[PDB]
Each structure stands twice: as C-alpha cells, then as structure tokens.
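We did not get these values from a lab; they are worked out from the coordinates using the rules stated. With ideal geometry, Cβ positions are generated from the backbone for all residues, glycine too; neighbour counts draw on all protein chains shown.
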Amino acid sequence: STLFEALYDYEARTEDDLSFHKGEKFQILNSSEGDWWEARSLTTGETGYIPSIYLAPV
C-alpha cells in the first residue's frame with residue numbers, strides 16, 4: 001500500500017470529515033465507501049473522512 005498526501009487544503013463539511021492542509025500525509029484505512037476515504041492523519045493522529053480527489057500517492 002501507499003501513504004497519500006494532500007494536494008490542497010480542505011475544510012471539513014461534515015462532522016465525520018477531517019480538515020487538512022496541503023502536504024499533510026495520510027494512512028488510508030478504508031476506500032470502499034465511495035469518494036471520501038476513511039483515513040488517519042500522520043500530523044494529528046486523528047481518524048476521519050477525506051476526499052480522495054484532494055490526495056495523491058506519496
């Protein structure tokens with residue numbers, strides 16, 4: 001598997017979302033629930049959902 005990094009800043013829109021900045025890295029936990037992946041921030045340690053389109057590998 002691979003870590004993903006944010007291509008752009010994102011502000012959470014739902015309570016299950018994470019907010020994040022460009023360059024923040026994520027461990028992806030689940031991608032089977034549509035475009036928003038469940039992930040863990042390698043900056044904050046928090047788990048939540050993030051838009052896959054906002055991310056790229058490495």
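Computed about its Cα centre, the charge dipole of the chain is approximately 240 debye, with only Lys, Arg, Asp and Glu carrying charge at their Cβ. Which whole-number percentage describes the relative contact order of the chain, with Cα contacts under 8 Å and a sequence gap of 6 or more? Contact order relative to length: 38 percent. A run of the chain free of exposed loop cleavage sites, with GluC sites (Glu not before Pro) counted only in DSSP states other than H, G, I, E and B and at most 12 other beta carbons within 10 Å, reaches its longest extent at 16-32. Projecting the Cα atoms of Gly23, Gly34, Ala12 onto the charge dipole of the chain, computed from C-beta unit charges around the Cα centre, puts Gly23 farthest toward the positive end. For the chain, DSSP calls about 95 percent of its internal beta bridges antiparallel.
Around the amide H of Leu42, modelled in the peptide plane, lie the amide H atoms of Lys25, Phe26, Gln27, all under 5 Å away and 5 or more residues distant in sequence or on another chain.
Among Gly48, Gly23, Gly34, which one shows the highest mean-square fluctuation when the chain is modelled as a Gaussian network with alpha-carbon springs under 10 Å? Taking springs between Cα atoms under 10 Å, the residue moving most is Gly34. For region 15-28, putting each phi into the Karplus relation 6.51 cos²θ - 1.76 cosθ + 1.60 with θ = phi - 60° gives couplings of 5, 8, 5, 9, 8, 7, 10, 3, x, 4, 9, 9, 8, 7 Hz, in residue order, rounded to whole numbers and with x for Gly and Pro.
Report, to one decimal in Å, the Kirkwood hydrodynamic radius for the chain based on all distinct Cα pairs. Don't skip to the answer; put the middle values down first.
Details: mean 1/r = 0.0919 Å⁻¹.
That comes to 10.9 Å for the chain.
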